[PDB]
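Peer 1: Below you'll find the structure I mean.
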Amino acid sequence: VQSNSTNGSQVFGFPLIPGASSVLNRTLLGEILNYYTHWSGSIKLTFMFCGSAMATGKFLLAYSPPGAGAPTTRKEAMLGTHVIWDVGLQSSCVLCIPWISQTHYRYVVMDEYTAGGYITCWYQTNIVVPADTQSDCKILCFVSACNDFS
Amino acid sequence: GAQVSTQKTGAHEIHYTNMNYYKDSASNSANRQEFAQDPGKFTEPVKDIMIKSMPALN
Amino acid sequence: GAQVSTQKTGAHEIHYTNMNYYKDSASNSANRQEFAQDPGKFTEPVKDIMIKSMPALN
Amino acid sequence: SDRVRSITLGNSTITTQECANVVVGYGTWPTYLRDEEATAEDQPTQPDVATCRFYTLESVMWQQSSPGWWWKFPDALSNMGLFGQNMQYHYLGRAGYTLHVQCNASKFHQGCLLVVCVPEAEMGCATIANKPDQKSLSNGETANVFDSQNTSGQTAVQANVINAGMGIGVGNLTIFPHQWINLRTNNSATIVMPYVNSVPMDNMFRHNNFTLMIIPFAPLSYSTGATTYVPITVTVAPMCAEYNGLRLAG
Amino acid sequence: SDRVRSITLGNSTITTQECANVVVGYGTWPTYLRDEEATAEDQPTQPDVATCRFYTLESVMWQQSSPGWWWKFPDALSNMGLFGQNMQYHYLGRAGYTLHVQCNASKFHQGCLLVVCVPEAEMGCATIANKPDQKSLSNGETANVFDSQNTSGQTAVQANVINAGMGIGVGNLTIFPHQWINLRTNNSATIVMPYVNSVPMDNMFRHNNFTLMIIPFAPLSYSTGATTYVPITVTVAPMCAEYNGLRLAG
Amino acid sequence: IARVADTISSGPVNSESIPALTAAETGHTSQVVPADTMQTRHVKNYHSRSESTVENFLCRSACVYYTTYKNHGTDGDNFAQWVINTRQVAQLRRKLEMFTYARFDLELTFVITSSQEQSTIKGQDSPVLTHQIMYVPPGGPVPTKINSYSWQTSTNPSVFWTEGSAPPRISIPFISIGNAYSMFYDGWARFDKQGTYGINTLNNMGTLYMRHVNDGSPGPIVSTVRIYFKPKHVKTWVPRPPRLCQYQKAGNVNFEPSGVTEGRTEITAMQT
Amino acid sequence: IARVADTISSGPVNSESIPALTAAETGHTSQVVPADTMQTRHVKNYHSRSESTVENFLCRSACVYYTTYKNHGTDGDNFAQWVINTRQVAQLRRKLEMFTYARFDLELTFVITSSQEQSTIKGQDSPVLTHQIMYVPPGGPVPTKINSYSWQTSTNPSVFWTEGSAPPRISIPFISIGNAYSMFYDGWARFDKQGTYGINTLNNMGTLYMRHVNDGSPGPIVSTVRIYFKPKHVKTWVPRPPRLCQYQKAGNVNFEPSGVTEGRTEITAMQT
Ligand SMILES: CCCCCCCCCCCCCCCC(=O)O
Ligand SMILES: CCCCCCCCCCCCCCCC(=O)O
């Protein structure tokens with residue numbers, strides 16, 4: 001992430017496919033799911049800011065259910081399920097992805113019927129730092145299952 | 001001297017019997033069951049208890 | 001722990017036993033029985049009840 | 001007497017003086033989902049009167065030679081005001097439907113049509129090694145027309161009436177909830193169709209819960225000098241609509 | 001501590017770590033209309049979570065020389081998803097609003113803005129014998145900008161900041177519900193605004209219940225090498241929305 | 001129990017009741033019974049309706065599919081595979097398609113047979129063959145060769161069987177994603193409706209793989225495996241009209257237009 | 001039972017509670033559920049977690065190893081032998097290595113098959129073969145020949161089996177020296193650290209020996225035996241990260257450096 005000259009830029013994104021996507025398939029949740037064919041339940045994503053203490057900023061964490069493609073702008077992303085993450089004293093923020101499906105279970109494998117939807121992140125505000133501070137910084141993302149999961 | 005227990009069934013719509021034929025417990029079939037879970041030892045291994053609704057720090 | 005039920009017999013001229021040997025209900029033999037019928041959902045799906053002896057209209 | 005009925009939903013009322021008793025699903029009146037039978041966790045949207053009102057589909061003319069007409073519902077109502085907008089903005093949704101089919105004529109006219117609502121009315125293609133086109137299956141409120149003879153084309157629907165578009169006898173469609181409009185008996189028919197599926201809620205663009213078919217078993221016939229323009233019109237209202245999965249609109 | 005708050009509405013949550021206590025109307029929390037205070041007879045539509053969720057307006061950059069910005073609400077949200085569609089399809093409607101204004105900066109930056117919500121903020125025209133243009137008054141989510149000096153034009157708004165666009169001292173705007181964002185104190189401010197009018201419900205296109213104004217009383221200032229891009233962003237959610245008079249959409 | 005309705009004696013009638021007339025247009029059947037049209041005697045009808053129950057109709061083991069494999073071949077290509085698909089078989093498909101939705105457990109039986117291929121080899125006396133049937137769920141490792149590690153089967157269920165024993169048998173519990181299996185699907189896989197259309201969009205039930213577990217012998221052998229399906233504990237919903245057209249494809253409902261009945265000389269003819 | 005947590009309805013919230021923020025640095029997961037982030041409906045979730053139990057994960061019979069032997073050979077060298085080693089098989093090893101320690105009973109199944117070798121001999125008709133599988137614990141007498149007295153088996157357990165019968169089966173109780181089997185061993189066999197390093201220092205589980213118990217016949221035969229392992233009553237401790245590198249050796253954990261995931265065009269790309 002960095003200081004931007006423009007508003008609403010995209011930070012990251014990927015489809016919600018825990019058993020296939022390169023983002024999740026080898027994470028612990030993915031590794032367990034790779035031994036199952038079908039799965040169900042809600043998921044948590046934790047984002048930990050690892051920049052300097054003198055750095056502040058805000059982010060949009062959002063989930064967009066299928067029936068439309070991934071958002072192409074913050075304006076569209078914000079219309080889904082979302083959390084505004086205020087980077088301050090607490091370093092971590094959690095985005096909970098609710099269970100939304102026409103089914104009770106989804107396929108572990110990529111499948112068109114049990115489409116995952118999309119997870120994206122957009123800047124809400126700029127990353128603002130004082131003089132003699134590096135504006136370039138990193139964020140770590142962690143993933144785990146919710147209590148409602150099988 | 002068989003025991004009687006239940007079969008796994010689907011939720012939100014039955015017994016079977018089980019006799020042991022051997023003198024060694026190693027001969028018994030697998031102990032498949034619902035058991036119990038206690039994930040806290042791996043998900044919350046923390047001395048000072050955190051409250052879900054509260055700030056983690058202070 | 002077997003259950004005891006009846007055999008189908010001819011009308012207008014007997015028990016058998018049934019023990020389950022598996023831990024999974026999917027292993028049980030078919031649920032063949034007389035059950036019950038309720039054809040009205042397909043033969044009379046009508047809000048306003050018709051009387052057999054009466055004119056259908058008025 | 002029992003020939004007269006009135007239905008009020010939302011901001012619309014249909015009053016009929018010559019009608020059949022109302023046919024109701026498989027004996028099930030439409031309701032909202034229970035906590036016992038649920039998937040999606042988010043609190044659902046319930047537009048209530050905003051979408052549960054009646055909408056009228058494009059009328060068609062009944063010719064003495066007409067083979068019949070059909071509509072697919074989730075697609076038919078995709079542009080119908082707020083019902084339309086709520087499905088355009090959601091991943092999942094559910095609704096039952098009230099289908100009221102009308103066709104008046106003079107006492108001197110004769111003919112008879114089957115009004116039937118068929119779930120999962122998957123269509124066969126006229127070309128065997130192919131699949132039907134989207135426009136051959138549904139045109140929103142514009143009815144598709146059945147063929148009197150075997151039809152053709154690479155993406156055409158095998159619309160010959162006798163097989164009801166799906167390879168079954170047309171005469172056996174009476175299994176499905178249905179009612180008839182016999183011009184000497186009534187002017188309209190009413191069918192109440194609850195949501196029916198393998199799942200509690202579904203995507204309203206990928207799947208058509210049911211198709212309405214209007215089939216003239218007895219063709220329209222009249223003497224000369226009698227009115228020649230005899231329309232058939234269809235009016236429908238969703239019930240207990242629920243939506244989940246609010247998202248960027250499709 | 002009391003510096004941290006979290007607001008959840010519909011399918012959206014805003015969490016803030018450095019904020020002011022929430023300002024609430026004139027002590028009134030937004031509610032739905034009572035039977036005692038009603039006009040329209042039709043059963044109202046209550047979209048609930050479909051429209052009561054948060055929406056984000058176009059962000060602006062705060063320059064050390066900026067005179068300030070404003071938005072009119074019913075107009076600002078006219079294209080905001082289903083809130084937008086429900087007003088496009090109804091004659092009457094009512095809603096309260098939660099306004100959360102954000103602007104973060106480093107501890108080394110200084111400046112301070114007034115965040116104020118003003119009811120019936122009728123605008124004066126720059127040309128005295130004239131009326132302002134529609135686009136000079138509102139650009140949906142795009143903020144209008146106040147002028148540092150006296151402005152001009154036949155349909156221009158007299159946007160000079162010192163008169164707040166209406167001929168009053170800018171320093172007296174504090175009567176209206178307001179909160180400040182002082183960069184050394186907080187990153188965001190929250191105002192809850194109940195519906196306020198002479199009538200229980202109104203037309204959401206002809207009238208703007210209130211205007212949000214963001215005014216830098218103390219301009220942004222910083223040392224060299226410090227971040228130069230410091231945005232201000234506004235996020236709003238309607239509450240207890242009600243609609244009456246379903247009609248052909250405008 | 002499930003006894004057919006009996007018959008009540010009925011004498012002469014002269015009244016305003018009209019059981020004979022109705023309005024078919026209303027969408028319900030007439031409830032008229034013989035006691036309403038002619039004079040009757042009492043009949044204690046002891047007949048039952050047990051064979052008409054859904055469970056009895058469906059619980060028979062039908063051949064669904066069969067394929068072959070050999071004990072010799074090129075580069076390890078000696079195994080058969082089959083995508084689970086219950087629509088490749090005309091009789092079973094027809095019965096299953098009578099209900100729009102169904103929920104059931106499935107019992108499988110396999111029948112494995114083999115024969116000799118024409119050969120010039122003397123000394124073909126061979127040991128009894130053993131066969132391996134393995135099920136690979138969607139996304140599992142796939143065999144590419146008969147000696148591939150993919151056959152280790154650490155988790156995937158499989159069955160090993162020796163010829164001469166009773167045919168293999170196994171129970172599969174209901175496995176749908178939804179609460180019932182759909183027989184029909186009036187829809188598309190994708191939101192833009194650009195994928196396939198119809199029932200095959202839901203068919204993601206895995207594949208069976210089959211091979212010999214002996215090594216090769218000079219005498220060539222060809223084996224055939226027939227897979228049988230017997231639904232159990234079957235609950236069904238929403239009956240449909242039986243098909244009149246013959247099936248063309250397993251992946252869809254395309255059809256050849258077909259008449260509704262065999263014809264005859266006239267409407268009053270007795271010779272049909 | 002083992003039911004998944006259900007969902008509690010949740011209305012609008014405006015308060016000082018902050019379930020959305022935490023401190024990952026503290027080493028515990030967030031306990032946030034959907035009721036804390038969005039408005040929810042009540043959901044009576046009836047799903048269970050039975051297949052996730054350790055017992056179900058592991059109790060499948062995996063092929064671990066196979067080898068061969070012939071009915072002809074030189075100087076009695078017609079038997080197979082195998083050192084017990086569960087690390088020679090990629091799929092089973094991977095599953096077992098997920099837990100650092102485990103305690104379980106082991107059920108074994110053997111699958112024995114055979115085939116003919118190319119020969120010029122006519123008159124190869126032969127009687128059914130019987131096989132002997134013998135287990136020799138560390139330090140026992142060892143077969144050197146198929147006709148050695150070492151096969152008398154007065155104490156060592158063994159199984160005799162005739163082709164055509166159901167495959168052999170036997171139960172082995174937990175046998176460790178310690179209170180659990182170790183999957184990993186960060187240490188050395190010797191105090192001077194001059195022996196081997198790693199898990200193989202603990203592998204002293206004995207050897208299986210296998211042979212035909214018929215006499216030889218002119219027609220040459222080659223036999224293959226597959227050994228299957230099914231852990232039961234399994235209790236495990238201290239889970240570990242699954243391996244990403246492919247296994248190289250059965251005796252150690254040497255590995256080829258491997259990336260953590262398949263790549264993609266960009267961080268915002270949907271096509272992974
Ligand atoms: C090798 C032994 C295990 C065999 C496992 C095979 C399981 C295949 C799935 C069978 C159920 C198919 C149900 C389809 C019904 C339908 O969609 O209409
Ligand atoms: C011939 C019949 C008797 C067969 C006896 C074979 C016994 C071999 C030992 C099996 C247990 C091996 C457990 C290893 C587990 C581990 O160390 O991780």
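Residue names in the structure tokens use chain letters A, B, ... in the order shown, residue numbers from 1 in each chain, and ligand numbers from 1 in the order shown.
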What lies within 12 Å of residue 46 (chain G) using only C-alpha atoms, ignoring chain neighbours under 3 positions off, as a PyMOL selection string?

Peer 2: (chain A and resi 40-41+104+148-150) or (chain B and resi 9-13) or (chain D and resi 35-39) or (chain G and resi 1-7+43+49)

Peer 1: Please identify all polymer residues within 12 Å of region 66-80 of chain F, counting only C-alpha atoms, omitting same-chain residues fewer than 5 positions from it, and present them as a PyMOL selection string.

Peer 2: (chain F and resi 85-86+88-89+110-117+126+129-135+142-148+151+207-229) or (chain G and resi 115)

Peer 1: Within 6 Å of ligand 2, which residues show up when you count only C-alpha atoms and all ligand atoms? List them as a count of residues only, please.

Peer 2: 10

Peer 1: Enumerate, as a ChimeraX atom specification, the complete set of residues in region 43-165 of chain D that a backbone-based DSSP assignment places in helix (DSSP H, G or I).

Peer 2: /D:48-50,73-76,81-88,134-137,161-163

Peer 1: Take the residues from that selection and write them out as a compact mmCIF listing (two decimals), in the first residue's frame, keeping N, CA and C atoms.

Peer 2:
# COMPACT_ATOMS: atom_id res chain seq x y z
N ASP D 48 -42.51 -6.17 0.58
CA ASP D 48 -43.91 -6.20 0.87
C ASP D 48 -44.73 -5.64 -0.31
N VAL D 49 -45.61 -4.68 -0.05
CA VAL D 49 -46.48 -4.10 -1.07
C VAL D 49 -45.75 -3.48 -2.25
N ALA D 50 -44.49 -3.16 -2.11
CA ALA D 50 -43.76 -2.59 -3.23
C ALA D 50 -43.67 -3.55 -4.39
N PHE D 73 -41.30 -17.23 -15.84
CA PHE D 73 -41.54 -16.14 -14.89
C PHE D 73 -40.45 -15.26 -14.35
N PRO D 74 -39.41 -15.72 -13.66
CA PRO D 74 -38.37 -14.83 -13.24
C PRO D 74 -37.90 -13.97 -14.41
N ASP D 75 -37.80 -14.53 -15.62
CA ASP D 75 -37.44 -13.67 -16.73
C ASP D 75 -38.57 -12.71 -17.13
N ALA D 76 -39.82 -13.16 -17.12
CA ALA D 76 -40.93 -12.33 -17.55
C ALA D 76 -41.05 -11.07 -16.74
N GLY D 81 -40.93 -3.03 -12.75
CA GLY D 81 -40.83 -2.06 -11.68
C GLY D 81 -39.84 -2.46 -10.63
N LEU D 82 -40.30 -2.41 -9.38
CA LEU D 82 -39.43 -2.73 -8.27
C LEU D 82 -39.24 -4.21 -8.09
N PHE D 83 -40.10 -5.05 -8.66
CA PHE D 83 -39.84 -6.47 -8.53
C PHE D 83 -38.57 -6.67 -9.31
N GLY D 84 -38.58 -6.07 -10.49
CA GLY D 84 -37.45 -6.12 -11.39
C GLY D 84 -36.22 -5.58 -10.69
N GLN D 85 -36.30 -4.38 -10.10
CA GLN D 85 -35.10 -3.86 -9.48
C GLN D 85 -34.62 -4.72 -8.33
N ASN D 86 -35.51 -5.28 -7.54
CA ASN D 86 -34.97 -6.06 -6.46
C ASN D 86 -34.27 -7.30 -6.95
N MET D 87 -34.69 -7.89 -8.07
CA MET D 87 -33.91 -9.03 -8.49
C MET D 87 -32.62 -8.58 -9.16
N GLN D 88 -32.62 -7.41 -9.79
CA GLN D 88 -31.41 -6.92 -10.45
C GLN D 88 -30.30 -6.62 -9.44
N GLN D 134 -31.23 -17.91 -26.00
CA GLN D 134 -31.86 -17.24 -24.89
C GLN D 134 -33.17 -16.59 -25.29
N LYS D 135 -33.19 -16.01 -26.49
CA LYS D 135 -34.38 -15.33 -27.00
C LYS D 135 -35.41 -16.32 -27.51
N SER D 136 -35.03 -17.57 -27.68
CA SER D 136 -35.99 -18.51 -28.16
C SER D 136 -36.74 -19.05 -26.96
N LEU D 137 -36.10 -18.97 -25.79
CA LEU D 137 -36.68 -19.43 -24.55
C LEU D 137 -37.53 -18.38 -23.84
N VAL D 161 -46.34 -27.96 -30.65
CA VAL D 161 -47.29 -28.01 -29.55
C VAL D 161 -47.52 -29.37 -29.00
N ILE D 162 -47.61 -30.37 -29.84
CA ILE D 162 -48.00 -31.66 -29.31
C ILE D 162 -47.04 -32.23 -28.30
N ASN D 163 -45.79 -31.74 -28.28
CA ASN D 163 -44.86 -32.27 -27.32
C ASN D 163 -44.56 -31.30 -26.19

Peer 1: Restricting the calculation to only C-alpha atoms, which member of F:41, F:93, F:190, F:169 is positioned closest to chain A?

Peer 2: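 Among F:41, F:93, F:190, F:169, it is F:190 that comes nearest to chain A.
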
Peer 1: Just the residues within 8 Å of residue 210 (chain D), please, counting only C-alpha atoms, with nothing from its chain fewer than 2 positions along; format it as number ranges by chain.

Peer 2: D: 72-73, 117-121, 208, 212

Peer 1: Go ahead and dump the residues you just picked, N, CA, C and O atoms, as a PDB file, in the first residue's frame.

Peer 2:
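The resulting file, selection-v2.pdb, is reproduced below:
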ATOM      1  N   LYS D  72     -41.748 -17.471 -19.283  1.00  0.00           N
ATOM      2  CA  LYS D  72     -40.970 -17.966 -18.137  1.00  0.00           C
ATOM      3  C   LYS D  72     -40.995 -16.893 -17.081  1.00  0.00           C
ATOM      4  O   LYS D  72     -40.725 -15.745 -17.404  1.00  0.00           O
ATOM      5  N   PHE D  73     -41.304 -17.228 -15.838  1.00  0.00           N
ATOM      6  CA  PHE D  73     -41.543 -16.140 -14.894  1.00  0.00           C
ATOM      7  C   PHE D  73     -40.445 -15.260 -14.348  1.00  0.00           C
ATOM      8  O   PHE D  73     -40.567 -14.041 -14.493  1.00  0.00           O
ATOM      9  N   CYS D 117     -49.371 -24.029 -15.199  1.00  0.00           N
ATOM     10  CA  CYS D 117     -48.080 -23.562 -14.729  1.00  0.00           C
ATOM     11  C   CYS D 117     -47.173 -24.750 -14.491  1.00  0.00           C
ATOM     12  O   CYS D 117     -47.462 -25.580 -13.635  1.00  0.00           O
ATOM     13  N   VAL D 118     -46.060 -24.813 -15.215  1.00  0.00           N
ATOM     14  CA  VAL D 118     -45.176 -25.964 -15.120  1.00  0.00           C
ATOM     15  C   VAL D 118     -43.784 -25.659 -14.582  1.00  0.00           C
ATOM     16  O   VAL D 118     -43.074 -24.858 -15.193  1.00  0.00           O
ATOM     17  N   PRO D 119     -43.374 -26.247 -13.452  1.00  0.00           N
ATOM     18  CA  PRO D 119     -42.093 -26.066 -12.831  1.00  0.00           C
ATOM     19  C   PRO D 119     -41.017 -26.747 -13.641  1.00  0.00           C
ATOM     20  O   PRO D 119     -41.268 -27.788 -14.252  1.00  0.00           O
ATOM     21  N   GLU D 120     -39.824 -26.187 -13.611  1.00  0.00           N
ATOM     22  CA  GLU D 120     -38.665 -26.767 -14.274  1.00  0.00           C
ATOM     23  C   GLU D 120     -38.980 -27.157 -15.712  1.00  0.00           C
ATOM     24  O   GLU D 120     -38.625 -28.244 -16.169  1.00  0.00           O
ATOM     25  N   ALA D 121     -39.610 -26.277 -16.461  1.00  0.00           N
ATOM     26  CA  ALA D 121     -39.994 -26.599 -17.824  1.00  0.00           C
ATOM     27  C   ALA D 121     -38.839 -26.421 -18.785  1.00  0.00           C
ATOM     28  O   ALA D 121     -38.849 -25.535 -19.633  1.00  0.00           O
ATOM     29  N   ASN D 208     -35.350 -20.280 -14.082  1.00  0.00           N
ATOM     30  CA  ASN D 208     -36.775 -20.009 -14.184  1.00  0.00           C
ATOM     31  C   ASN D 208     -37.598 -21.029 -13.430  1.00  0.00           C
ATOM     32  O   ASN D 208     -37.753 -22.169 -13.851  1.00  0.00           O
ATOM     33  N   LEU D 212     -45.434 -20.536 -17.791  1.00  0.00           N
ATOM     34  CA  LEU D 212     -46.872 -20.519 -17.998  1.00  0.00           C
ATOM     35  C   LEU D 212     -47.167 -20.819 -19.418  1.00  0.00           C
ATOM     36  O   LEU D 212     -46.640 -20.167 -20.320  1.00  0.00           O
TER      37      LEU D 212
END

Peer 1: Please measure the separation of CA of residue 4 (chain A) and CA of residue 112 (chain E), giving the value in Å to one decimal.

Peer 2: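 Separation between CA of residue 4 (chain A) and CA of residue 112 (chain E): 22.1 Å.
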
Peer 1: Chain B residues within 9 Å of chain A, counting only C-alpha atoms: which ones, as number ranges by chain?

Peer 2: B: 55-57

Peer 1: Write out as a CSV table (one decimal) with C-alpha atoms, in the first residue's frame the residues lying within 10 Å of residue 106 (chain E), counting only C-alpha atoms and excluding same-chain residues fewer than 3 positions away.

Peer 2:
chain,number,residue,atom,x,y,z
A,53,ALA,CA,3.2,4.0,14.2
A,54,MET,CA,3.1,7.5,12.8
A,55,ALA,CA,1.2,6.4,9.8
A,56,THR,CA,-2.5,6.5,9.5
A,57,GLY,CA,-5.2,5.8,6.9
A,127,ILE,CA,-2.2,6.8,3.8
A,128,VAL,CA,-0.8,9.9,5.5
A,129,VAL,CA,2.5,10.1,7.0
A,130,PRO,CA,4.7,13.0,8.4
A,131,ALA,CA,7.9,14.1,6.9
E,109,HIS,CA,-0.5,18.0,10.2
E,110,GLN,CA,-2.7,20.8,11.4
E,183,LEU,CA,-6.7,17.0,13.1
E,184,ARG,CA,-5.0,17.0,16.5
E,187,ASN,CA,-10.2,11.5,12.5
E,222,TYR,CA,2.1,21.1,7.1
E,226,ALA,CA,5.0,15.6,4.9
E,227,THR,CA,2.2,14.0,2.9
E,230,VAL,CA,-5.0,14.6,2.4

Peer 1: Please provide as a list in words all residues within 6 Å of region 112-122 of chain A, with the sequence filter that same-chain residues fewer than 2 positions apart are discarded (counting only C-alpha atoms).

Peer 2: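 Once the nearby chain positions are removed, what remains is residues 9, 10, 11, 12, 13, 14, 15, 16, 17, 60, 61, 62, 63, 64, 65, 66, 70, 74 and 106 of chain A; 189 of chain F.
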
Peer 1: Can you tell me, as a CSV table (one decimal) with N, CA and C atoms, in the first residue's frame, what residues are no more than 6 Å from region 179-182 of chain E when counting only C-alpha atoms, ignoring any on the same chain fewer than 4 positions away?

Peer 2:
chain,number,residue,atom,x,y,z
E,112,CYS,N,-8.5,22.4,10.8
E,112,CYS,CA,-9.7,22.1,11.5
E,112,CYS,C,-11.0,22.5,10.6
E,113,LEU,N,-11.9,21.6,10.5
E,113,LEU,CA,-13.1,21.8,9.7
E,113,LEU,C,-14.4,21.7,10.5
E,114,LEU,N,-15.4,22.4,10.2
E,114,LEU,CA,-16.7,22.3,10.7
E,114,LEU,C,-17.5,21.4,9.9
E,115,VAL,N,-18.1,20.4,10.5
E,115,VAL,CA,-19.0,19.5,9.8
E,115,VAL,C,-20.4,19.8,10.3

Peer 1: Enumerate as a list in words the residues belonging to chain F that approach chain D to within 6 Å, with only C-alpha atoms taken into account.

Peer 2: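 Selected residues: residues 25, 26, 27, 178, 179, 180, 184, 185, 186, 187, 188, 191, 241, 243, 244, 245, 253, 254, 255 and 260 of chain F.
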
Peer 1: With C-alpha atoms retained, could you export that selection as a CSV table (one decimal), in the first residue's frame?

Peer 2:
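Contents of out-v8.csv, freshly written:
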chain,number,residue,atom,x,y,z
F,25,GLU,CA,-62.5,-26.1,-15.9
F,26,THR,CA,-62.0,-25.6,-12.2
F,27,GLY,CA,-58.9,-27.8,-12.1
F,178,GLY,CA,-29.4,-28.9,-2.2
F,179,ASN,CA,-32.1,-30.8,-0.3
F,180,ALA,CA,-33.1,-33.0,-3.2
F,184,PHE,CA,-34.8,-31.1,-14.5
F,185,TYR,CA,-33.2,-27.7,-14.5
F,186,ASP,CA,-34.7,-24.9,-16.4
F,187,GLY,CA,-31.7,-22.6,-16.3
F,188,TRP,CA,-28.1,-21.9,-17.0
F,191,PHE,CA,-25.3,-15.5,-14.8
F,241,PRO,CA,-45.9,-36.3,-17.4
F,243,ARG,CA,-41.9,-38.8,-21.9
F,244,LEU,CA,-43.3,-39.8,-25.3
F,245,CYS,CA,-40.3,-39.0,-27.4
F,253,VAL,CA,-33.8,-33.1,-23.2
F,254,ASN,CA,-33.7,-32.6,-27.0
F,255,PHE,CA,-36.3,-34.6,-28.7
F,260,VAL,CA,-49.5,-38.8,-29.0

Peer 1: Smallest atom-to-atom distance to chain D: which of C:30, C:7, C:52, C:38, using only C-alpha atoms?

Peer 2: C:38

Peer 1: Name the closest residue to chain A among the candidates G:19, G:257, G:206, G:139; distances are taken between atoms, counting only C-alpha atoms.

Peer 2: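 Smallest separation from chain A among the options: G:19.
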
Peer 1: Find the residues in chain B near chain C: any atom within 12 Å counts, using only C-alpha atoms. Write them as a PyMOL selection string.

Peer 2: chain B and resi 1-11+14-19+29-33

Peer 1: Could the residues in this selection be written to a file with N, CA and C atoms, as a CSV table (one decimal), in the first residue's frame?

Peer 2:
chain,number,residue,atom,x,y,z
B,1,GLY,N,-24.9,-60.1,25.2
B,1,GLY,CA,-24.3,-59.0,25.9
B,1,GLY,C,-23.9,-57.8,24.9
B,2,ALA,N,-24.7,-57.6,23.9
B,2,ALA,CA,-24.5,-56.5,22.9
B,2,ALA,C,-24.9,-55.2,23.4
B,3,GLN,N,-24.3,-54.1,22.9
B,3,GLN,CA,-24.8,-52.8,23.3
B,3,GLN,C,-25.6,-52.3,22.2
B,4,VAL,N,-26.5,-51.4,22.5
B,4,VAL,CA,-27.4,-50.8,21.5
B,4,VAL,C,-27.1,-49.3,21.5
B,5,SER,N,-26.9,-48.8,20.3
B,5,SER,CA,-26.7,-47.4,20.1
B,5,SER,C,-27.4,-46.9,18.8
B,6,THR,N,-27.2,-45.6,18.5
B,6,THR,CA,-27.8,-45.1,17.3
B,6,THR,C,-27.0,-45.0,16.1
B,7,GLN,N,-27.7,-44.9,15.0
B,7,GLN,CA,-27.1,-44.7,13.7
B,7,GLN,C,-27.0,-43.3,13.4
B,8,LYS,N,-26.1,-42.9,12.6
B,8,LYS,CA,-26.1,-41.5,12.2
B,8,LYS,C,-27.2,-41.3,11.2
B,9,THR,N,-28.0,-40.3,11.4
B,9,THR,CA,-29.1,-39.9,10.5
B,9,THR,C,-29.0,-38.5,10.1
B,10,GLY,N,-29.8,-38.1,9.1
B,10,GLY,CA,-29.8,-36.8,8.6
B,10,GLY,C,-30.6,-36.0,9.6
B,11,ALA,N,-30.3,-34.7,9.8
B,11,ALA,CA,-31.0,-33.9,10.7
B,11,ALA,C,-32.2,-33.3,10.1
B,14,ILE,N,-32.8,-44.0,15.0
B,14,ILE,CA,-32.8,-45.4,14.6
B,14,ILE,C,-31.6,-46.0,15.4
B,15,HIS,N,-31.8,-47.3,15.9
B,15,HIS,CA,-30.8,-48.0,16.7
B,15,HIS,C,-30.3,-49.2,15.9
B,16,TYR,N,-29.1,-49.6,16.3
B,16,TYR,CA,-28.4,-50.8,15.7
B,16,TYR,C,-27.7,-51.4,16.9
B,17,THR,N,-27.3,-52.7,16.7
B,17,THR,CA,-26.6,-53.4,17.8
B,17,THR,C,-25.1,-53.6,17.6
B,18,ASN,N,-24.4,-53.8,18.6
B,18,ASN,CA,-23.0,-54.1,18.5
B,18,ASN,C,-22.4,-55.0,19.5
B,19,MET,N,-22.0,-56.2,19.1
B,19,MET,CA,-21.5,-57.2,20.0
B,19,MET,C,-20.0,-57.3,19.6
B,29,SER,N,-14.0,-52.5,16.1
B,29,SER,CA,-14.1,-51.6,15.0
B,29,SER,C,-13.9,-50.2,15.4
B,30,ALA,N,-13.7,-49.3,14.4
B,30,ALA,CA,-13.3,-47.9,14.8
B,30,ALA,C,-14.3,-47.2,15.6
B,31,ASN,N,-13.8,-46.3,16.5
B,31,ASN,CA,-14.6,-45.5,17.4
B,31,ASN,C,-15.1,-44.2,16.7
B,32,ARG,N,-15.9,-44.4,15.7
B,32,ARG,CA,-16.4,-43.3,15.0
B,32,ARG,C,-17.6,-42.7,15.8
B,33,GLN,N,-17.6,-41.4,16.0
B,33,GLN,CA,-18.7,-40.8,16.8
B,33,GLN,C,-18.5,-39.3,16.6
